[PDB]
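Colleague: Quick one, structure for this:
(2 chains, ligands or ions: 1)
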Amino acid sequence: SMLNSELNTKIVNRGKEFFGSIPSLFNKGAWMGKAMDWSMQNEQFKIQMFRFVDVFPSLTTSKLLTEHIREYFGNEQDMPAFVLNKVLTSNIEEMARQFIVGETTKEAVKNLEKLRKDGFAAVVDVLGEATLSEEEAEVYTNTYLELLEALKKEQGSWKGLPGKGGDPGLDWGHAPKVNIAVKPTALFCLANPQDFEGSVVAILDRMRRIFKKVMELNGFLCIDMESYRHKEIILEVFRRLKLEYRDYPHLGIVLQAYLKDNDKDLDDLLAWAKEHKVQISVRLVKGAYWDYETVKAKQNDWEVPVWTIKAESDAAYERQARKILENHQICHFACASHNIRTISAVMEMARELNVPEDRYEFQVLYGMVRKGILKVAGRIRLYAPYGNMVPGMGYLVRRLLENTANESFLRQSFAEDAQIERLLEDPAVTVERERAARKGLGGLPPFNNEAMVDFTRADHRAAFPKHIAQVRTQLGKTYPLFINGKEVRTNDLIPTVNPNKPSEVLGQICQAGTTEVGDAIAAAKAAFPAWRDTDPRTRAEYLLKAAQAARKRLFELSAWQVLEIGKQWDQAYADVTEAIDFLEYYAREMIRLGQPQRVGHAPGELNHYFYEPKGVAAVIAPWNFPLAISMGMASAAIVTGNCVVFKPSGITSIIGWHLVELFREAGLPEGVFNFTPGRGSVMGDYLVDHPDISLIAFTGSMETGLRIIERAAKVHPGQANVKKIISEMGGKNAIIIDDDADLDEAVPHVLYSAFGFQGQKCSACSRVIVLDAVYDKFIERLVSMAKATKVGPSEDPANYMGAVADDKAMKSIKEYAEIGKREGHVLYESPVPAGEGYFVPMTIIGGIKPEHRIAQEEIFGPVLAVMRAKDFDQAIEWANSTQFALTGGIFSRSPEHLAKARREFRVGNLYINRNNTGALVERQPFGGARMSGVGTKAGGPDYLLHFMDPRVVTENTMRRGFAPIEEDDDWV
Amino acid sequence: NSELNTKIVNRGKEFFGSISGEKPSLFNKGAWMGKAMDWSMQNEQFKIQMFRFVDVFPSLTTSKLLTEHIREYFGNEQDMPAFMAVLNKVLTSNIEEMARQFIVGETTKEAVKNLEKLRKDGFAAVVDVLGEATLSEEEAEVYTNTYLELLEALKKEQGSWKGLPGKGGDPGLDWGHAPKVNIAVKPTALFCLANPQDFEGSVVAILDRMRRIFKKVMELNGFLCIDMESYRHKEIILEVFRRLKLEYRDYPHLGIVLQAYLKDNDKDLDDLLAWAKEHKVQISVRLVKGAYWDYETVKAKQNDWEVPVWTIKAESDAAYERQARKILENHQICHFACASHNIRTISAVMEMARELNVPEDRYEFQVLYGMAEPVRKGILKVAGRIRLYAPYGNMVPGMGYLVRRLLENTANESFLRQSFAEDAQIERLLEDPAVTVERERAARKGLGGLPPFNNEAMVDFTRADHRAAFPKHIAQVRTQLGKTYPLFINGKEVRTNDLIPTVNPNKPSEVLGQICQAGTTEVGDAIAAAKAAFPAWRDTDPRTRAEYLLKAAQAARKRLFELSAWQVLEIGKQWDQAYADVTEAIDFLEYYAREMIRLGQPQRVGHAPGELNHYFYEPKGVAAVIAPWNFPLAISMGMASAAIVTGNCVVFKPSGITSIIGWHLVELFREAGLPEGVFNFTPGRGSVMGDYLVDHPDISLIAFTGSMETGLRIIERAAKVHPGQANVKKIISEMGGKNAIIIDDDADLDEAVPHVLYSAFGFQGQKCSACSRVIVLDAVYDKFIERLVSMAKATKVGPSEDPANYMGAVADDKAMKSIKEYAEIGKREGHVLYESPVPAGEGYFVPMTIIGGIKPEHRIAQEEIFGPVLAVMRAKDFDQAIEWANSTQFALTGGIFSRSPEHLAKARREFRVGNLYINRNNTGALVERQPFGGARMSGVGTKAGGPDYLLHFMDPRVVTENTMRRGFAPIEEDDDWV
Ligand SMILES: *[C]/[C]=[C]/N1=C2[C]=C([C])C([C])=[C]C2=N([C][C]([O])[C]([O])[C]([O])[C]OP([O])(=O)OP([O])(=O)O[C][C]2O[C](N3[C]=NC4=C3N=[C]N=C4[N])[C]([O])[C]2[O])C2=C1C(=O)[N]C(=O)[N]2
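Modeller: Residues are numbered from 1 along each chain as shown, chains lettered A, B, ... in the order given. For reference, the structure is listed below:
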C-alpha cells in the first residue's frame, strides 16, 4: 500500500518516457482514419462499415460489389463525404496489407529480413480460413513446414539482433532467430471438448510434426490460445508436447488475462512445470474473443468466463505478469500488449524483482509507433501474419474493432486526447471505481432457459460415461401402465432395445388394450372436476416441482436417451433441459393467464374474461424428442387444468415412464396423468375417437396427424366438445447458401442441421439450396468436412452421428436414399460400422430439383439433398416449393436478400446465419402451418390458450340506482 | 350579486343558529341507524354491503334466507361492527324501524290518521303511493285505484280539517290559499311499456290513467303533482302534463316536477314558461335537483350518450338557484314549490322571493317526510309554509325507498352529510354555489394517433330527430325496392340467371328485390380471384389494411339510419334492433382495426445477446365467410373484416333472406377503396355450392355463424385435406344455444321480469344468445310467472316498422312453420301460460308464447327453437337450478338474477357458459365489453369482439437472426448484457 504507491509512481514516469519517445488508424488525413473517425462517432455507421469489410472478400463480381455497397451505405448521395467500387476496394485492401508481411512465403521471408535489419525480431503466423477438413488441416500444416524450410536456408546468414552479451548469433544474445506461432484448432476441423481426448490427440499429432521441424533449426514454437471452448484442450496439447521433449526450452503457450480462470490456470501451470522439473514460456495476452465469449455464455446460460469491466483485465494482466516474473527461473515471459501502462508496469516490475533480460521480451502486432517502444524496451518481436487476403480481411476487421473500441487504450490515447494521469492509472484503482459505479412475477424468478451441458468442464465430461454405466445396472425391468395412481400390468409385452446395439434390451413394456385405455380415460374424467377447480398457481406449482425433480436427475435422464434412442451426449442433455424449460415456462404462463382480467371500462358493469380447461386430453408423443416434446404437450395440458392420457412412442416408452416418475415425485393428484403405451393398430383410433376426449396433442408424421385431424372432427354420441387439435407435424426444411455466404460458418452449420441426431428432427435441414456461383466451392468444403466425421454408437462421443431409431426407420430411410440416387448423383456416402445396429450412412446427394421425390418427401434420416439455384429469386422459389413450412435457414450477408427472405421464405421458424435446428423455449417458439402443423407454437406465449376456452362473466353492479365505483371505470 | 348574496348567507346563518345543533336521526350517533350510517360513511365496503342488504331485505321471507343472507353480507358475529336467531331479531327490527320512519302509513286509514297528526303540528302534505315497478295493465290499474281510494278517504275527511294558518286569503284553505288535498303520481307507474321508442303510445296510455286520477282530484278541489322520473321518460312526462293542462286550462292546481341537475332544464323551464304564456294558462312547478344522478351517469356512459346531468354537484346547486329565480320572476304564470333540504338553497329561495316581492301564495317549501328533521322544523319556524312529502303503502317498495334515502343522506356531496356528519364550515356550506362552480371547474388514451376504442353510440329515442329519422328512412328505402343484386367478384358485377326474391317477413307481398345465385362455377371464380389478390394483400402493411376498415366504419356511420331501415324491412328488425345491428358492425370495424395495429408489429422475444428473435403473424389465405340472417350486417362485417384486416381474402356467402344487407358489405368496402378480389360477394343455394365452397382445396379458413347441424357438418368436411390443399383448414364457428336465466328466491322481480321478457322475445327470440329457458326457484315461481305473463299480455305483436309493437314476424315461411311446430310440441310437454294474439292477414307471425311445467327431459328444454317460445322450469332448490341450467349440450349464454353472494359465486364457477350475465338480460353483447362465444356444442371457443379473436385468422412466425459477424454483434436495448 505504501510500497504500492511508490512503485506506481515509477510506472507512471516510465509511461511518459514512452509518450515522449512517441498511428495510421487515428490519422484523420488518410481515408482509413476518416472512416474510423466516423465509425467512432456513429455506431450505426460503424456496424455497417465493419460488416461490409467482413463480407468484402466474397464480393467477387462487379454486381455483388456494387449492390452490397448500396445496401450497406445507401446511395451515392446520402453517404458520408469521404468509382465507389474503386475507392473502397483500393482502400480496404490497403488497410488489410498494413497488417500482413506478405501473401507468399518468399515475400514474407524477404519482409522478415528487412524487419531484422530495422532491429525487430518476429513471430510468424499463417493466415487461413477456418479448417473444415483433414485436407485443409494438412495444407495449413504444410504451409508451416514450407515456411520453416525457407527460414532454415536463410537464418544462417542472419546476424543476431544486438544485445548486452551472450551469443552474437542469437537475438539479443539469447533468443532463437526463428519463432513461429500456430493455431491449434486449425489443425483439426472437429476440435470439440465433447470428444476431449480425440481432439487433443489429433491436434497434438500435427503440432508434433511442426515442432520437430522447429527443433531441427533450433527455433521457437508458440502455441496460440483460441476461444474458451478449446482452452483446456489447448493446455493439454501444450503439456503433452512439452513432456515429450522435456529438454527443449523453446516451446511457448498463450494465456489470456481476461479469463476469470487464468489466475488458477497460471498457478496450476507453474506448479505443473515445477513438479515435472521443466521450463516453460508464456505469452500473456489480455484476450481476443471478449464479445464472443460474453455472448456465447449468455446464450447458453453459462457463467461468463471473462471479466466484464475492462480495467479488471488490465489489473489481471499486471497481477499475472508479476506472478510470471516472480517465477522467471522456470518461466520465460513474453509481454504481448500495446497498452503503454501495461508495458510500463511490466518493465518496472521486472526491475523491482531484478529479472534478467533473457527472461522477458515484448511483443506487438505488425502494423500497430513500434520504434518508440523498441527504444525504451529494446527487445521487441513483431507478430507477423502472412497468407491469403481472404482471411487477411477477417483479420483486418479484428484490428479495426480492437483499435476503435470505447475501452481501447489506443483509442483513448489519441482519438479522445485523454488526461495522461487517467491513462497511466493503476487499473486496480480503476477497477474499484468502476465496481462502485455499479424482473419476475408472483415472487418467482423470471424465466431463463436451463444451462446447456458444458464440456469445457471436467465434471461434465466425466458424468456421461458414469451415468451411462449407472443406467446399465438398471436394465431388464418390466414397465407397467400407470392408471389413476396405480401400476397396471398386462400380458402383452414389447421389448425396447438400443438402436446402436439391438442385442442390448433395455426393458419390457406392457401394452394397454382398449379396456385399459378406456379405464385411463375414465380415471382422467373422474379427476377432472377437482383438477379444474384447483387454483392455477397451485397447478403451476406441480410443474415447478417436476422441473426441480428433473433438474436433479439431468445426467441420469440424459443417459437413458443415449441408450434407448441413440441420442448423442449433447443431444440427450438438450432434450432434458428443454423438458425443464417447458415446465418452468408453462408454469409461468399459467400464472400469467390464470387471473381473470376486467375488460371494458363502462361503470355499473364488471366484465371478467378468463379461461377454462376442456377436459380429457389425449397426448400422443414422438420418439425423436422423447422427454422434451412429451413433457411439453403433457404439462401444457395439465397446467391448464385438463387431465391427460399419454401414449409414448413404443421405442421410447422408458423415457415416457420418466414422466410418470417426475409427476409422481411432484405429487400430482391421481388420474391427472395416465401412462398408456399401446399398439396403434389396437387402440390408436379408440383413443382419438373416444367421446370423452376433448383435446388431442400430437407430434409426429403428417400422415398420422392428418388422419387424427380427420377422425377427431366427428362429434360422437355423448361427446361434450368439438375436439381441439394441437398438432406439430413434419418438415422438408431448406437452408439457402447465398453467393456472399460466410462458408466458414455455413458449412458446419449445414452439416449439423442435416446430420445432427442422424437427421431425425422435424426441423432438420434435408435440402440445401446453393446459389450457382458459390456451388462448387460450398459442396467441396461440405463433403470434405463430412468425410472427416465418423458414424457409430452415440454413447461414444467421437462419433458425429449414429444408428437411426429402429429397423423400420432404417429400411424406410435406405429406400429413400436409393430413390434419391436415381434422381440425383451421390456426393458422399459414409462408411458405417460392421455388425449390429440400425446404421444408415451419412449421405449427400446433388443434382436435386423441386420435382424430385427427395426434394419433397420427409425422409427423417441422414440424407441431404443439394440443389443448385440459378439466382436468389429461384432459391426462394425452390425453398417454397414443398407442401411444408416448418423451418428454414439462410446464410447471406446481403441486407436486401435477408429482407426478401424474412418476407417471402415463410416458414414457422426462419433462421439467419446459423443452423435451423435447436429451437429454445421462449426465444424460438416452434411450429408452422401448411402441412407442417396447425399454427400452434410450443414454447411461446400463444400456446397455453389452445388448451383452454375463454369465458366472460358480466355483472350489472347497480342496485336500487347505485353501483360501486371501480378503479378503471370511465367516470366523471 | 353581492348584496343579495349577503342577505342569503345571513339567512342561512340564522337558520343554522335556530337549529341549535340538533342532528337528524340518521346522524344521531346515539341511535342504531346513526351508528350504521356513521360506519357506512367511514367504510365504503360496509356501506355497499349494508345498502345492498337493505335492498334485498324484503325478499328474505323465510328464516333460512334471512340467516344466510346476513352471514353472506356481514360475515359471522365476530366479523361485524359493534353496533351490530337473536341476531336476526335486532337486525330485522332496526331496519323495519328505519323504513317506517319515512312512511306515513301502510293502510289508507292509517295514512289519513297520520296526515291529521301532521296538520296538528303545522305541516301540510303531499301524498304519494309506494309501489313496486308497474309491469302490467293489472298493476297500473291497482296503482290508479289506490289513488282513487285515497282521494275518496280524503274527500270525507278534509271538510273537518281547519286550514293551516296564514297571513291572509281563504280561512278554509291552507295558509289561506293551498288546497288541503295534494297528491303526487309517478307517470311511468301508469303504463308498464312506457318508452320513447313508442312516444305517442306512451303519452296516451299514461295520460288516460292520469286523467282518471285528475278528475277525482278536481272533484274535491285538490292538487295533483306529476312527478318527474328518469331522463328516458322526461319528454314523455312533459307532454303528458302539457296535454292534461290544456284539457283543463281553467284548473289551477296541476303541478309538474322539473330537475335542476339536467343540462336540459334551463331550456325546458324556458320552453314551459313560454308555452304557458302562449296558451294563456298557469302552471305549478316543483323544482328538485334530481333523484337519479348515479343512474343517469352510468346509463349514458354505458351507451356513449352525452351525460344528461351536471357532474359537479355545485353546478346543480347553481342551476337550482338560477331556475328558482326565473320561476319567482314569473310568479304570475308559475306557482313554485321549493323541494330541497339544503339550507343555502332554501335561504336563496327565501331571499330572492323577498327581493322580488313575490306573493306568499305563489311559493311554498317541501321536504321528504322523516328526514332532515331540524331543517323541516327550521323551515316551519322561518317560512311558515312547509309541506311534507308523504309516501304510504307496502313495506316492500318501502325498503327500496329507504335505500334511496340512506344513499341521499350519506353521499360525499350531500349537504346533509356535510352539515351534520362532517362538521363542515358554515361559510363554505353557505357560499354562492356559482363561486363553488368556478373553483371546482378550474380544479378540473389511444395508440398511434388513433383515439381509444369506444362503442358506437346507441340510438337515442329521447331525441325528436332520432324518432323522426326512422319513418323517413323507411320511406326512402321503399323508393329503392325492386333491384336485382348481382354477385361481386374481383371488383366486378357478375350476373347469373338463377334469381331468388327477398321479401318483407311482416308483409311478404312486398318484394325488396331479386338476388343472383352463384353456382359452383362462380364460387370457384370468386375463390380464384381471392387467391390471386392474396399475395399483394398479404404484403400490405397491417396499418394500411386497418385503414380500410376505418374508412368502411366511417362510411357506415354516415349511413346509419339508412342501413338500419333496410334491416327493419328485409328481416323484420325493430327500430332499436336494426340500429344496434349497424352500430355493432361499426364497432367490429373500429375494434378489429385497432387490434390489427396492435398485433401487426413484430415483437422481440427472448433477450439473449447476439440474437434477435421476432415473433409475428401471417394470414392464411382465402377465407370462406358464411353468415347468418339474424344479425345480417353485424356478424357478417365482424367475420369478414376480421378475415380481411388480418391479410386474408374473403369469399362471402350471406344468408338468402338478408342478401341485400350482405350487399351493404360490397357498398361499404368499395366506398373504402378496398383492392379488388380482397372481398367477394357470392350468395348462392347451399344445396348447390355450400359443400363446394367448404370442400375447396384453396380455402384455408372458414368463418361460420349459424346452426349446430351446419356447423358440425362444416367442421367434419373441412378437416379433410384434398389434393392441392395448402393448409389444414381453420374453423371459426359460432353455433346455437339453449340459454337459461335463473330466477333465485331473492331475485329483484322488478328487474328480472322485463329482462327475461326482452331476452326471450326481443327480435322474436331469433338470437343465439336469447333466453329460451327460464329456471325459477320453487318459492318465487308463482309470483314470477304471474308478473311475467301479465307483462307479456300488455305487449303487441305486429310489423317491426311500427314502433308500437314489441315483436313481429319471424324470418320466413320455413321459420314460422318450424317454430309453430315446436310450440305445439312444447304445449304437449308442458302447459301453455300465454299465447299472444297476432295480426290477421299476411306476415310470418308466431304468437309470443310462454309454456310452463317444462323439465330437462323435454324436447323444448333441449332443442334450439330460435323463435318466441319460452320454457318455464320450476326448480326445487338452487342446486337443481344450476344442475338444470347445465343440462343441455350447449353453453353459449346464461343469466342469473340473485342477490346472494354465495349463489352468485356458485354460478360464476359452475354455470359454465361462454357469457354469463348477472342481474341483467343475457342478450346484446357489446364489442370489447362482452367478447361473445362458447364451447360445448355452442362453438369452438372463439370469441368475436375480444382480444383473442384476430389470432384465429392468422398463423405465428418467428425469424431468428444470429447478429454476430467476425466476433462482434450490435448491442440491442433489451439484451441481457453486462
Ligand atoms: C317521487 C319523487 C318526488 N320528488 C321529490 C318531492 C319532494 C317534495 C322532495 C323534497 C324531493 C323529491 N325528489 C328527490 C330530490 O331530487 C332530492 O331530494 C334532491 O335532489 C335532494 O337535494 P337537496 O336536498 O337540495 O340536497 P343536496 O345535498 O343539496 O343536493 C343533492 C343533489 O345534488 C345532485 N348531485 C349530487 N351529486 C352531483 C349532483 N349534481 C351534479 N354533479 C354531482 N356530482 C343530485 O340531484 C342530488 O340529489 C325528486 C322528486 C321527483 O319527482 N323527481 C326527482 O328527480 N327527484
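Colleague: Tell me where the stretch 401-550 of chain A has strands.
Modeller: With DSSP state E, counting those that start in this stretch as the criterion, the stretch 401-550 of chain A has strands at A:477-479, A:481-483, A:486-488, A:493-498, A:501-510.
Colleague: Single out the most deeply packed of these.
Modeller: strand A:481-483 (a mean of 24; mean count of other C-beta atoms under 10 Å in any protein chain shown). Heads up, the C-betas are built off the backbone N, CA and C, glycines and all.
Colleague: By proximity to chain B, which residue of the stretch 551-700 of chain A wins?
Modeller: Residue nearest to chain B within the stretch 551-700 of chain A (C-beta to the nearest C-beta): residue A:600, separated by 3.4 Å.
Colleague: what's the neighbour count on that residue?
Modeller: 23 (other C-beta atoms under 10 Å in any protein chain shown).
Colleague: Same question for residue A:922.
Modeller: Residues near residue A:922, counting by other C-beta under 10 Å: 22.
Colleague: which residues does residue A:176 contact?
Modeller: A:170, A:218, A:219, A:220, A:250 (C-beta atoms under 8 Å, 6 or more residues apart in numbering or on different chains).
Colleague: cool, and residue A:591?
Modeller: With contact taken as C-beta under 8 Å, 6+ apart, residue A:591 is in contact with A:441, A:442, A:444, A:536, A:537, A:540.
Colleague: How much space separates the third one from residue A:827?
Modeller: Looking back up the chat, that one is residue A:444. 51 Å (C-beta to C-beta, to the nearest Å).
Colleague: Get me the contact residues on the stretch 601-750 of chain A for chain B.
Modeller: A:602-605, A:607, A:609, A:612, A:614, A:706, A:709-710, A:712-715, A:720-722, A:724, A:727, A:742 (C-beta under 8 Å from any C-beta of the partner chain).
Colleague: so residue A:57 sits right up against residue A:390, yeah?
Modeller: Yes - using C-beta atoms under 8 Å, residue A:57 is in contact with residue A:390, at 4.6 Å.
Colleague: Between the two, point out the one with more neighbours.
Modeller: Counted by other C-beta under 10 Å, residue A:57 and residue A:390 do not tie: residue A:57 has more neighbours, with 21 against 16.
Colleague: State the phi and psi torsions of that one.
Modeller: phi -70, psi -10 (degrees, to the nearest 10).
Colleague: Work out for me the element the spatially most central residue of chain A sits within.
Modeller: Centroid-nearest residue in chain A: residue A:296, 6.6 Å away (criterion: C-alpha atoms, centre = their mean). Secondary-structure assignment from DSSP states H and E places residue A:296 in helix A:290-299.
Colleague: looking at this, residue A:253 is in a strand?
Modeller: Yes - according to DSSP: H, G, I helix; E, B strand; the rest coil, residue A:253 belongs to a strand.
Colleague: hey, what's it bridged with?
Modeller: Judged by DSSP bridges, the bridge partners of residue A:253 are residue A:223, residue A:282.
Colleague: That one reaches residue A:280, doesn't it?
Modeller: Yes - contact status for residue A:253 versus residue A:280: in contact at 6.9 Å, counting by C-beta under 8 Å.
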